[PDB]
Amino acid sequence: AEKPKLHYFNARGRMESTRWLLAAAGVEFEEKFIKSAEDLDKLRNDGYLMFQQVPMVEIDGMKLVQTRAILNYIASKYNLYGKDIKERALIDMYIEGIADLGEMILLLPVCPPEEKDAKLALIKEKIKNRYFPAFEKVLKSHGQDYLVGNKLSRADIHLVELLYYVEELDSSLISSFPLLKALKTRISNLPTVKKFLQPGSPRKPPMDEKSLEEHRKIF
Amino acid sequence: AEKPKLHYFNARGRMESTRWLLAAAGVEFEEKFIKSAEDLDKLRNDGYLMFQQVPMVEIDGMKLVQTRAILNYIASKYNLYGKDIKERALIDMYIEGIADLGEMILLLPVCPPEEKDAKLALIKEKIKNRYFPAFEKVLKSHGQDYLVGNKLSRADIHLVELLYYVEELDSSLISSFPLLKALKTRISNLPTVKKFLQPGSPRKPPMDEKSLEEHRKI
Ligand SMILES: N[C@@H](CCC(=O)N[C@@H](CS)C(=O)NCC(=O)O)C(=O)O
Ligand SMILES: N[C@@H](CCC(=O)N[C@@H](CS)C(=O)NCC(=O)O)C(=O)O
Ligand SMILES: [Cl-]
Ligand SMILES: [Cl-]
Ligand SMILES: [K+]
Ligand SMILES: [K+]
């Protein structure tokens, strides 16, 4: 069984949700870090990046780019995409909500600093009034441990990844959402996930002022 | 038999790719157009919109929001999402590229006016050097009429949609890409797509800064 190989910077960025999903599924993978503009040029010139961009994942004979394509493939392969078309529709709707909020956060430290504090408050309010209530409502309507089909899926994993990111941003945001808190604890305790949250795993740290400025300089 | 209901404004925006897919698949649908802040409030208050946003499509007993979720469901249901996991991976890769370029073009008339010149030039540079070559290469390497599995899929339909948007932007960008021209012709002459492209269909015009700087008030 040939191990998936992830090509990305040694950073969270657009590769983290893939690290989470693979690791939640107990799937062992290798990372090949891109450290120089030469490292990227080499992947490009080898014809390995369909749109000249990373992330790229080598898996089951394919050089897969585009985050959503990579994630969809992994989730079907490891039975984390529900069990039929309608379950997939619910999963997709949830993760796309997650992706909207998460995209706003991914792209917050690269925004204009005079309207960056306007952007931070906008997020915070969407979280409290838009997204966290939407997921709390799903959990409450099923009363089950999982968002869809009463079974672990990518939606649970990605929601919990998101709750970790929202906690780094402000710890009080989840405080009035008891069902989200319990989901985070439950998923964090699954064996694969617990292992991923432990030190020494492929899970990556947040980008700080140092690692961001250096990245832009060399690429 | 029992039609999908699309909830959006009377415009392309984020609902147009859904109109194209449903039309291509042979599926007749209804549109319930949002006209005021008050129609949108009703949708919200009635618990129709999971994240308070449109597009929303009522289909097969569900109330689906999020463009990609809608498209993904329609594509599987009507067998436009390939035959297996590996083909769906190709389709997904291709459609996500299309989406990236398509979003750049969607947001073009909305960027700060002073960035418009630079952004348009970068879009045209991406089209000529990144996107169109990628897709030309796929069609050339297989020698087939369709992008994936020698069979019609959403990737053909959504690429051809994008070739129409790019044509509106600049009709010369496709000129050095003969297999893209030929795919456009072929898909355009499929009866369902031909019908949808005819005058009178649910196909929507380009945004105008009339209906644009006025649909923000919704
Ligand atoms: N839609 C793509 C975006 C990929 C992307 O924006 N990659 C960036 C790095 S995070 C890149 O390789 N930039 C190089 C370039 O566009 O020339 C995805 O989700 O994978
Ligand atoms: N990622 C979502 C975006 C949906 C979206 O941005 N909808 C806009 C109009 S096109 C909206 O309902 N905005 C109202 C709001 O954000 O309060 C999708 O693809 O459906
Ligand atoms: Cl996911
Ligand atoms: Cl599509
Ligand atoms: K689930
Ligand atoms: K195809």
Side-chain angles (χ1 to χ4, degrees), chain A residues 14 44 47 49-53 55-57 59-79 81-82 84-101 103 112 115 126-127 129-138 141 147 155, chain B residues 14 44 47 49-53 55-57 59-79 81-82 84-101 103 112 125-127 129-138 141 147 155:
Chain A
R14 297 191 180 282
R44 284 169 173 158
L49 314 173
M50 181 167 180
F51 304 113
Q52 309 322 325
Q53 293 173 313
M56 191 270 282
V57 181
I59 181 166
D60 303 345
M62 293 177 292
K63 313 288 191 266
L64 244 188
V65 296
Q66 289 295 344
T67 304
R68 282 182 179 87
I70 289 160
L71 292 172
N72 296 344
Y73 184 76
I74 290 166
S76 296
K77 195 194 176 159
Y78 299 111
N79 292 344
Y81 215 160
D84 59 43
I85 192 167
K86 280 185 146 55
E87 281 196 359
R88 264 188 334 264
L90 293 178
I91 288 161
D92 281 342
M93 150 158 53
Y94 300 167
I95 75 128
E96 291 293 306
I98 293 165
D100 285 6
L101 171 51
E103 190 90 357
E115 288 156 19
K126 282 179 163 106
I127 289 180
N129 290 251
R130 185 157 282 176
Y131 293 106
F132 279 8
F135 293 110
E136 189 85 5
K137 181 173 181 201
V138 172
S141 132
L147 284 162
Chain B
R14 297 194 175 284
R44 286 176 178 172
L49 310 179
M50 168 170 192
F51 302 114
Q52 300 335 316
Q53 297 171 322
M56 187 274 281
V57 170
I59 186 180
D60 298 338
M62 294 184 299
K63 298 176 167 49
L64 291 183
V65 293
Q66 289 292 349
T67 308
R68 294 187 173 79
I70 298 158
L71 292 170
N72 287 0
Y73 179 90
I74 294 163
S76 301
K77 171 167 179 208
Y78 296 102
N79 300 299
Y81 216 163
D84 51 46
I85 187 186
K86 291 207 207 176
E87 286 185 351
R88 167 178 179 154
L90 290 177
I91 288 158
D92 279 334
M93 179 163 64
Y94 303 162
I95 71 196
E96 288 296 313
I98 287 156
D100 289 346
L101 174 53
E103 189 92 346
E125 170 85 13
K126 286 177 185 310
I127 284 165
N129 292 309
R130 177 174 292 193
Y131 291 107
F132 276 13
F135 288 117
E136 189 83 353
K137 178 194 222 226
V138 173
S141 88
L147 284 163

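First the proteins, then the strands, lettered A, B, ... as listed; each starts at 1.
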**Request:** Tell me, with the steps shown, if A:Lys77 and B:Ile85 meet side chain to side chain contact (heavy atoms under 4.5 Å, CB included).
**Result:** CA-CA 7 Å; A:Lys77 195 194 176 159; B:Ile85 187 186; 3.7 Å; yes
Please output the side-chain donor-acceptor pairs of residues 63-71 of chain A that fall under 3.5 Å, not counting sequence neighbours, one pair per line with the distance.
residue, atom, partner, partner atom, Å
A:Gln66, NE2, B:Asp100, OD2, 3.0
A:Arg68, NE, A:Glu96, OE2, 2.8
A:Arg68, NH2, A:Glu96, OE1, 3.3

**Message:** Determine whether A:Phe135 and B:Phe51 satisfy the following criterion, ring-ring contact (aromatic ring centres under 6.0 Å, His included), listing intermediate values before the conclusion.
**Reply:** CA-CA 10 Å; A:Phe135 293 110; B:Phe51 302 114; 5.8 Å; yes
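- Between B:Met50 and A:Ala134 the shortest heavy-atom distance is O-CB, 3.5 Å.
- A side-chain donor from one of B:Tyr73 and A:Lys86 sits under 3.5 Å from a side-chain acceptor of the other.
- Qualifying side-chain hydrogen bond (donor to acceptor under 3.5 Å, both in side chains) partners for B:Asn129, counting only residues two or more places apart in sequence or in other chains: B:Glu125.
- Chain A forms the most heavy-atom pairs under 4.5 Å with one residue out of B:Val138, B:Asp92, B:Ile95, and that residue is B:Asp92.
- If you measure heavy-atom distances from B:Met93 to chain A, the contacts under 4.5 Å come from both the backbone and the side chain.
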